[PDB]
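Below: one structure, written as structure tokens.
Values below: all heavy atoms of this structure, side chains included; hydrogens, waters and symmetry mates excluded. Order of the sequence lines fixes the chain letters, A, B, ..., with proteins taken first and strands second; residue numbering starts at 1 for each chain.
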There are 4 protein chains.
Amino acid sequence: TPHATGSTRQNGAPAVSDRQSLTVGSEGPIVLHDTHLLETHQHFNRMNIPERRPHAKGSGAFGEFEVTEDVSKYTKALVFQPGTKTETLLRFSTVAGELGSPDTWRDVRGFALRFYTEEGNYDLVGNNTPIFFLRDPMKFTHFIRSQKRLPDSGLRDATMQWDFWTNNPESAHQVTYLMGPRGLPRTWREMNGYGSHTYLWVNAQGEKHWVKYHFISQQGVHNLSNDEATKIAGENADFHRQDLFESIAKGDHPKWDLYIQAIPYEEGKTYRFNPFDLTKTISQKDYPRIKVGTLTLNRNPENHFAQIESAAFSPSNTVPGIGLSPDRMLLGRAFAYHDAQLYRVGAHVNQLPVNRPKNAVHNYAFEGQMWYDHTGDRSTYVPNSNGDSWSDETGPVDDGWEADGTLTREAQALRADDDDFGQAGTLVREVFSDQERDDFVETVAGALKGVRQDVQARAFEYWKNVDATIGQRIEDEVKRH
Amino acid sequence: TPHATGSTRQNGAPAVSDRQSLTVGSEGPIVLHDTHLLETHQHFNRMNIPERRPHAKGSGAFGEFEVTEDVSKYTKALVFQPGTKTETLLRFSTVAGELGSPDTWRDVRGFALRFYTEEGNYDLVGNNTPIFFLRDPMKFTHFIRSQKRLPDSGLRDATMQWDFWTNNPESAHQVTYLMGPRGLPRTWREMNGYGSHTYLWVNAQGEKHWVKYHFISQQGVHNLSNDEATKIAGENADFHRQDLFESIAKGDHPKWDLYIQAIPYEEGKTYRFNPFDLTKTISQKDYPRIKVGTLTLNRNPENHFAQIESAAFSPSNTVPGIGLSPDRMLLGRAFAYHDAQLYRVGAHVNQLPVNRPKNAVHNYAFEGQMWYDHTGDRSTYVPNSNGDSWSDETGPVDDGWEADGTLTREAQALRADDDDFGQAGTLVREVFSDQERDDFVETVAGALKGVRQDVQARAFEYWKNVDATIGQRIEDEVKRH
Amino acid sequence: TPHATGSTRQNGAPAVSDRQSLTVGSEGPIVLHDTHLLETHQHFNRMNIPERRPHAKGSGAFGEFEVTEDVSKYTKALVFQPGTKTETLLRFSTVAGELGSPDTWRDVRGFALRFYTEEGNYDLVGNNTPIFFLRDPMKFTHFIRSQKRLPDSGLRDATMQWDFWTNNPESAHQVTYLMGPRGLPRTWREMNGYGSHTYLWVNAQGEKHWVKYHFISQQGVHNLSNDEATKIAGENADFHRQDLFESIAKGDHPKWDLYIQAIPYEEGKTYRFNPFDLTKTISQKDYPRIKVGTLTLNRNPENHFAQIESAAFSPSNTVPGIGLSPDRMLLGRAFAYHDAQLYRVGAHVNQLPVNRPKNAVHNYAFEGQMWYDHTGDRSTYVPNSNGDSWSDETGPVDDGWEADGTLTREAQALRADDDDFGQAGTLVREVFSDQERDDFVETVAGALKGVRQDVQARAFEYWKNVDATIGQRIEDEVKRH
Amino acid sequence: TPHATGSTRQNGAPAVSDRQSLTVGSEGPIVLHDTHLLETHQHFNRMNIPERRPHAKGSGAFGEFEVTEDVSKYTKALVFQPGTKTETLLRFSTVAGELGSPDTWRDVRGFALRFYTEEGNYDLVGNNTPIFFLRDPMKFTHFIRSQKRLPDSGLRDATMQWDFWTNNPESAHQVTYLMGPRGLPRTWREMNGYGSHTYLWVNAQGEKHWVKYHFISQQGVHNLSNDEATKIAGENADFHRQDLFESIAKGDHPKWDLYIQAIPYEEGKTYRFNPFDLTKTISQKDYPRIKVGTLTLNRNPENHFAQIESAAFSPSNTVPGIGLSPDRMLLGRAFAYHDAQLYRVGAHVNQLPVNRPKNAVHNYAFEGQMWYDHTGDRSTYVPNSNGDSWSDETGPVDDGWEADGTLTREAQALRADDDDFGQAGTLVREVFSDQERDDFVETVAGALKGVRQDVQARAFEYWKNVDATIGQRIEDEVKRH
Ligand code: HEM
Ligand code: HEM
């Protein structure tokens with residue numbers, strides 16, 4: 001245009017200057033009607049949004065999922081039908097640290113995967129562990145607070161962390177996994193991902209299986225030592241973010257193979273470990289892995305904030321053929337994510353490009369702040385006599401199950417082999433090597449250093465419950481100093 | 001898709017039912033993981049946004065502006081060059097009432113006009129009056145609060161309104177206009193619009209004129225009586241909204257002619273009324289109207305909320321060739337609108353379709369909640385060595401003026417004919433007819449009924465200052481009851 | 001202080017002027033560092049908060065509840081033990097109109113009552129009707145949207161309202177009540193309040209009764225005609241608000257008597273009308289009213305916004321001895337209110353004085369915006385070893401019940417006398433008088449005027465289902481015009 | 001109370017369990033009406049607020065300021081009158097990193113000090129440097145973005161930082177200070193604080209001086225090496241936060257002495273360095289330091305979030321006797337802080353206990369979200385006839401100055417010794433030691449490693465402009481690798 005200057009204000013008119021304010025002479029005050037200054041500063045002041053809680057610190061990439069086996073006998077979901085290729089988005093993260101925190105702290109890592117399927121966005125929001133610390137969502141707020149900062153000093157605190165874990169012994173399986181080698185992945189490319197929960201798969205005939213998801217890295221599982229991780233935390237707080245971005249940019253596209261475990265509907269009720277208990281794995285002897293397909297990440301974001309920070313994943317984002325399960329943790333998650341995203345991003349978070357599905361949305365939601373894609377004169381109510389369609393399926397849902405009882409607050413009933421310490425003990429005695437046990441003792445003793453004496457004594461009892469020998473070695477190492 | 005049901009959730013998957021919740025059997029409780037119920041209720045709960053303050057209650061339409069005369073000697077603005085046609089949006093409103101308040105209350109009406117020009121959105125945010133009640137923005141918050149509700153009872157209150165007006169005698173010109181016939185327009189189609197403020201026009205050679213805008217209705221000015229307006233308020237609270245929507249729908253497209261008054265830069269400093277005082281008109285004897293063009297409204301909104309409620313107008317939205325003026329009220333407005341819109345709508349209010357310009361925006365603003373149109377890897381700083389342009393014009397701005405003095409808080413200096421009551425007195429004695437004066441006395445006496453005695457006595461003095469005779473008639477009518 | 005000026009800025013320093021802005025000389029521009037101007041305008045721009053949806057328009061008063069009978073055999077709740085006196089807050093409202101809408105429109109009225117009890121705030125959030133239009137919360141968003149504005153024009157629309165009601169015939173009982181005399185209360189003092197839902201009462205021995213609440217006005221039930229209500233809507237949009245405020249100010253304190261109906265736990269499952277269906281009343285022949293006590297309103301708010309607009313009521317605010325019931329509508333409400341209030345007011349809405357309980361709050365919630373009353377160094381997790389207490393009751397809850405079934409979306413099962421039109425027909429034929437039936441025909445025919453022909457035909461069928469004779473009279477009146 | 005359980009919900013009623021959710025039998029789904037679960041999760045999801053931008057990462061303490069000298073000849077401010085003792089709050093921070101970022105990165109440190117004075121909160125919001133990188137606020141948004149993350153990868157980037165600095169050569173003085181020893185303080189206790197800007201002091205007779213503030217640590221200035229800082233960043237990201245909290249807890253109370261430089265009003269216009277240019281120091285030869293008093297920090301926060309994270313400091317928080325100056329940067333800050341705080345914390349941020357003044361606030365601001373301390377029935381407008389006071393001082397303000405010119409966007413005029421590189425050159429050649437110059441060369445060469453070649457070449461030219469020798473050594477070190 002004839003009056004252009006190189007940039008505009010928000011109304012599209014020339015900005016005049018991005019470098020100097022509007023003043024009364026060169027020595028005078030800034031005037032109130034420097035609207036370019038006001039607009040740019042007001043926007044700057046509103047750039048930051050609340051960080052996620054948990055999983056604030058993370059990054060990710062786009063890719064593709066390709067089905068390479070036939071699992072139509074287990075699910076009718078379009079995404080998993082033979083040959084299907086689907087675009088994906090994967091965000092990796094740590095659990096406890098804030099936006100600016102080092103990537104190489106000892107922590108659980110998130111593995112949040114979206115499939116842009118032809119029947120909607122399917123989100124599989126997993127971790128780099130098959131289990132979690134808890135089995136009821138009422139405890140989750142407590143757990144995450146115990147992993148963050150003391151209320152007075154603003155410092156993370158080992159006493160608080162161990163006080164919570166030792167008073168919640170359901171934590172023992174995941175704490176063992178976390179304190180083992182896998183607590184410190186070398187890169188996100190060299191860790192596995194897991195759904196952790198049991199999900200329901202429903203086939204075209206209406207038959208149900210309980211499934212676990214396992215994403216096995218084709219780059220192998222590789223871990224850092226405590227010393228190596230500390231050093232990297234000081235040298236490069238964004239070590240994992242950079243590693244992923246630079247690997248993809250140079251064409252070194254990471255891959256994972258997806259396998260499921262499939263338990264028949266009726267055997268879910270009788271298996272010796274509760275499949276609806278998030279602190280339990282399903283033995284690969286009883287239920288071996290079945291191959292589904294391969295995930296590849298092959299495209300970096302163009303804008304990290306718009307495509308990764310503003311991405312909103314939810315386990316509630318199921319597609320036909322895939323349902324939730326009786327797992328209390330999973331049912332808590334069905335509520336919590338969308339709720340957080342309305343505050344963190346806004347009411348219309350799911351209209352942002354990264355969160356939009358590929359298929360047509362026809363949803364009964366109107367108005368609200370920042371409504372970019374309005375529904376014109378579509379009817380706002382159902383049934384209507386205006387030809388604007390609605391859903392009205394009645395009766396049992398395809399992805400459901402049964403329940404019976406009185407309203408209660410209590411622990412899940414124990415199956416034959418259920419307890420708090422058994423699987424942890426197997427991991428320590430049978431899965432770890434001798435050298436991994438030595439490292440484990442050092443890791444756990446390091447973590448208990450400076451823990452208040454009463455809590456430290458409870459931690460020794462906890463580790464002896466996991467394994468009498470490991471527990472004694474940890475106590476001896478702590479007392480040796 | 002094969003599993004469709006008639007509508008979707010927000011992730012695009014089938015909703016299953018828009019009519020029944022997910023329960024444990026037909027008689028059981030609703031389950032927490034009824035995510036369709038949660039999403040639709042959470043969205044419903046976030047549909048309402050803060051109403052505008054002031055001007056909450058309003059509606060509008062799209063149209064066109066066509067230049068039919070040559071005013072290139074006064075401005076280089078593209079919108080006003082010979083022959084130019086521009087799409088427009090016009091929102092009409094009342095000042096004091098809330099979202100659900102009757103259209104036919106006695107009030108100032110807003111006349112908010114946007115031109116989608118080739119060099120950006122130009123907003124002329126006017127009223128149905130050429131003047132306003134005040135001449136310094138510090139008093140505006142006080143004024144609007146006095147026009148709303150008492151803090152204890154939540155009732156509008158005549159005592160509060162007259163207490164403010166009589167203690168702020170600058171109000172007299174606009175209060176006279178408001179209490180006259182034009183306080184009650186029959187329809188928005190039958191009222192005039194005015195910029196009210198003086199604006200600066202700059203031509204291609206850099207010469208400046210001070211201008212006033214006058215939009216003269218081609219449907220004439222027609223008004224209701226007090227009794228007629230009261231009756232309509234009870235029968236149809238949305239009388240004006242409906243009138244406009246139904247007039248356009250049946251092809252009865254309303255029109256206004258735009259005229260300006262143009263005062264040479266140097267005569268602005270010497271004119272006998274202060275052109276930078278928003279309580280003053282410029283006499284049509286001294287500065288006659290010059291025709292510019294014609295505004296037509298010819299298209300109803302498709303979605304009232306997205307296109308009218310979410311529209312964000314600002315006097316700060318100037319285009320090259322048009323600037324603000326020394327008027328303190330106008331300079332206050334340059335800050336206030338954008339600020340309100342960041343809270344009312346959101347940081348990215350100007351990315352909503354109705355607020356987007358027609359030309360390319362290249363603005364240094366990134367991130368924030370609800371960022372729909374991201375800037376990819378564009379540089380976030382200036383100067384940069386990446387070929388992402390910026391503005392850096394130095395020296396006096398084209399749409400500026402001079403100032404000199406010490407930092408002060410005080411009234412504007414009086415010109416030869418400036419005072420608080422003169423122009424009001426002219427309106428009453430010379431512009432109104434005899435019958436309009438009779439109606440005026442009745443209107444003002446009605447408004448003063450039940451005003452607390454000390455404030456009512458100050459109101460009699462105020463009206464006698466406007467005109468000794470009108471004031472005595474008002475006092476006599478009030479005392480007669 | 002020695003430098004005082006009459007008012008302060010937000011930091012407590014002298015404001016200097018509430019009336020003039022800071023300028024470069026008397027004729028110069030406003031400077032950016034007029035911080036008093038900025039602060040007052042930025043606050044002004046953030047004064048408005050989202051209106052409630054529904055029930056935007058309302059007002060209320062404080063009072064007292066006094067138990068005058070013995071109902072300890074039905075509940076252990078402290079509020080209802082013999083002799084107990086409790087402070088109360090009552091907010092009245094209409095359902096569909098916005099903040100500025102006339103009080104005297106035909107509508108359901110809200111009757112929202114809080115008791116500040118010694119074991120927490122007990123909220124009984126009722127209406128001026130014992131029933132509602134719907135029995136599943138999934139339909140509530142649809143219903144409220146159908147009662148508001150068309151998406152294109154922003155007008156309320158009779159076709160939309162009747163299209164929703166006739167396609168949802170469960171609506172017939174409440175629509176009959178609404179179109180009858182009680183749709184237009186003369187004052188809030190002259191209407192009854194009802195809980196509408198069945199609630200659970202639990203006594204000290206753990207025995208359960210299902211209860212309905214009935215608040216019978218001691219001023220009687222008095223109603224306006226259509227013509228009278230229209231006239232008042234034009235003359236005084238705040239007629240009910242003013243009536244209540246002025247009645248209390250002059251010592252005319254309104255009173256209601258509270259009665260319950262009490263159904264034994266086991267008879268709830270077998271009664272011939274479903275007590276868990278919000279469209280049904282419980283016959284006073286089967287279950288007569290039992291007197292509890294008297295509510296009096298005797299104190300106006302000191303600040304309407306802080307004490308009434310910012311009040312946050314929720315059916316989830318139960319106290320020991322009182323629980324929710326299997327009613328799907330009530331269980332939907334347990335989620336929805338708190339969710340809306342977090343957006344409308346803020347995360348810490350329940351720390352505002354009006355929403356705070358009288359007893360000590362010891363809640364596991366920390367941080368968030370606007371945290372006025374912080375918890376110092378209290379532990380943020382449970383169990384802790386720091387002596388900060390927590391709750392851990394296990395097993396069946398005292399205020400619970402049983403369920404069994406598969407996850408389904410379907411209508412509640414019908415009891416012996418359940419249907420959509422029976423109770424409506426009783427209200428029309430047996431409860432109304434002859435003159436009330438004549439008025440009813442006129443009201444309903446008036447409401448159907450200008451309803452689109454296909455929807456109007458469905459409305460005639462609907463009214464004939466209610467009562468063959470009333471339906472024919474309505475059709476004949478509509479066709480007569 | 002008789003039904004207590006150990007904790008409450010938000011309404012004060014017993015929570016029943018903080019550890020288990022409400023389910024249909026022990027194996028069943030969670031019910032929607034688990035309101036304790038919903039409330040605790042909804043609050044958890046709203047705990048995080050937007051981090052500050054800049055200065056996200058910080059901590060602080062309470063203390064006292066004691067005047068020990070007589071400066072009444074320079075100011076009438078109550079806080080600085082002989083003998084006066086005032087409570088203080090001090091927040092320390094880094095500029096560029098996010099909430100979780102290591103304390104021991106090379107950066108400017110903030111020194112934000114509040115005095116709770118008897119005439120309002122006085123905020124002196126300083127840095128650990130007397131200068132800044134820029135002299136016009138229009139460039140500040142650009143600068144801070146260049147110090148944060150690349151838009152595509154989310155990585156901090158040396159090229160972006162040096163591209164901005166070398167294209168903005170006004171940056172040279174502060175960049176030299178930053179790349180010197182003081183870029184890495186050992187603890188916050190061992191750094192100085194400075195106002196950086198010139199402020200105006202006005203005495204009881206109305207005489208003005210331009211002042212600079214200098215807070216000289218009584219613990220001395222001590223710094224880390226690059227290697228030491230890197231190591232600590234990996235071992236303890238919260239090293240400075242912990243150091244301060246633990247020093248105060250053990251009674252090792254840090255102290256600073258406050259000195260001012262005082263330039264007579266008229267000499268401000270003629271001094272050879274522009275005192276209104278934030279990139280310039282005032283020579284201690286021309287204007288020696290004058291002692292005022294001593295700051296001590298002696299009390300840790302009880303709640304870090306409520307007292308430190310939610311603290312809202314602003315340079316606009318002046319008190320009588322202290323004003324802003326012509327410095328464009330300072331005038332930009334007068335707007336920006338309050339604006340950011342309305343979004344970050346909320347409209348009523350200044351009612352939170354930490355932000356409240358000690359004296360009585362009488363401010364014309366009403367309503368808004370989260371209004372804890374309402375104004376009852378106080379008048380909402382001025383003048384009023386209700387005895388609610390207001391300010392109306394007219395004429396020149398006590399803390400003002402003069403201006404004259406046309407509206408312009410351009411660089412400040414140069415004084416006799418003003419340029420971009422002179423003071424930087426003095427710091428390098430005269431203030432640093434030989435060993436500090438060696439470390440400087442290593443620091444700057446390290447920072448330029450991997451900077452894109454075109455930008456690196458501009459950086460060599462920039463450092464040669466600072467000092468021909470230092471610049472050549474830096475170039476040689478970079479090329480040596
Ligand atoms: C009851 C337990 C849990 C609750 C209440 C919960 C809640 C949340 C919330 C509120 C967020 C932030 C969402 C946002 O702002 O966008 C989040 C993020 C996340 N959660 Fe959970 N969570 C739970 C358990 C788990 C489990 C068991 C896993 C893995 C199996 C998991 C994996 C994640 C991941 C990967 C993210 C980050 C997603 C992303 O990258 O955006 N969480 N969680
Ligand atoms: C210093 C004086 C004034 C201030 C501080 C002020 C401020 C405001 C604010 C904050 C809004 C709401 C903006 C939004 O949320 O989108 C508004 C709306 C409006 N103002 Fe003003 N105003 C002032 C004077 C005037 C004057 C003098 C006129 C006419 C000449 C005017 C006409 C309007 C109109 C028409 C609207 C509604 C715009 C729309 O339809 O969206 N105001 N004003």
Excluding sequence neighbours, so at least two apart, what forms side chain to side chain contact (heavy atoms under 4.5 Å, CB included) with D:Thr104?
D:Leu224, D:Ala229, D:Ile232, D:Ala233, D:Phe239, D:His240
Residue pair A:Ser146 / A:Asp163, side-chain donor-acceptor N/O under 3.5 Å:
no
Residue pairs passing the ring-ring contact (aromatic ring centres under 6.0 Å, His included) test with at least one member in residues 278-315 of chain D, sequence neighbours excluded, are D:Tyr271-D:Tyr287
If the threshold is 4.0 Å, N to carboxylate O, is there a salt bridge linking D:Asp103 and D:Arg109?
no
Please indicate whether D:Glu228 has more than 12 foreign heavy atoms, meaning atoms of other residues, nucleotides or ligands, lying under 6.0 Å from its CD.
yes
Salt bridge A:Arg149-D:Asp238, side-chain N to carboxylate O under 4.0 Å
yes
Applying ring-ring contact (aromatic ring centres under 6.0 Å, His included) between D:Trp210 and each of D:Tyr199, D:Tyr74, D:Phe276, D:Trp201, report the one that passes.
D:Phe276
Excluding sequence neighbours, so at least two apart, what forms salt bridge (charged side-chain N to carboxylate O under 4.0 Å, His left out) with C:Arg378?
none
Can you sort out the partners of D:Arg53 under salt bridge (charged side-chain N to carboxylate O under 4.0 Å, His left out), two or more places apart, ordered by chain and number?
B:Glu367
Do D:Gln341 and D:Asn355 have side chains that get closer than 4.5 Å, going by heavy atoms?
no
Looking only at the side chains, is there a donor atom on one of D:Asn127 and D:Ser196 sitting less than 3.5 Å from an acceptor on the other?
no
Those residues at least two apart in sequence (or on a different chain) that pass salt bridge (charged side-chain N to carboxylate O under 4.0 Å, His left out) with A:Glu235 are A:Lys231
Over 60° means perpendicular and under 30° means parallel, so classify the ring planes of D:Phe215 and D:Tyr213, tilted if in between.
parallel
Using the six-membered ring wherever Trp is involved, compare the ring planes of D:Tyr122 and D:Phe115 and label them parallel, tilted or perpendicular (cut-offs 30° and 60°).
parallel
Not counting sequence neighbours, which residues clear side chain to side chain donor-acceptor pair (under 3.5 Å) with D:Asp257? List them please.
D:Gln218, D:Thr294
Check: C:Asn11/D:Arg114 side-chain N/O donor and acceptor closer than 3.5 Å
no
For D:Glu118, give me all partners under salt bridge (charged side-chain N to carboxylate O under 4.0 Å, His left out), at least two apart in sequence or on another chain.
none
Do other residues, nucleotides or ligands put more than 12 heavy atoms under 6.0 Å from the NZ atom of A:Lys449?
no
Out of the candidates D:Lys57, D:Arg52, D:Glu309, only one should pair with D:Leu99 under the side chain to side chain contact (heavy atoms under 4.5 Å, CB included) rule; please name it.
D:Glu309
Can the ring centroids of D:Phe92 and D:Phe111 be said to lie less than 6.0 angstrom from one another?
yes
Taking side chain to side chain donor-acceptor pair (under 3.5 Å) as the definition, give me every residue that meets it alongside D:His55, ordered by chain and number, with sequence neighbours left out.
D:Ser93
Is the closest side-chain heavy-atom distance between D:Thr279 and D:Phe132 below 4.5 Å?
no
For the residue pair D:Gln261 and D:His214, confirm or rule out a side-chain donor-acceptor distance under 3.5 Å.
yes
Those residues that, when tested against D:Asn223, pass side chain to side chain donor-acceptor pair (under 3.5 Å) (two or more places apart)
none
Do the side chains of D:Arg189 and D:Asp243 get close enough for a salt bridge, i.e. N-O under 4.0 angstrom?
yes
Sequence neighbours left out, what passes side chain to side chain donor-acceptor pair (under 3.5 Å) with D:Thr198? Give chain and number order.
D:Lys212
Tell me every residue that passes side chain to side chain contact (heavy atoms under 4.5 Å, CB included) with D:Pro54, counting only those two or more places apart in sequence or in another chain.
D:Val95, D:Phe140, D:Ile144
Partner of C:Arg9 under side chain to side chain contact (heavy atoms under 4.5 Å, CB included), chosen from D:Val361, D:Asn121, D:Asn350, D:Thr318
D:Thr318
Quiz: residues 59-71 of chain D side-chain donor-acceptor pairs under 3.5 angstrom, not counting sequence neighbours:
unit_1: D:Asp70; atom_1: OD1; unit_2: D:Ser72; atom_2: N; d: 3.0
unit_1: D:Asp70; atom_1: OD1; unit_2: D:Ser72; atom_2: OG; d: 2.5

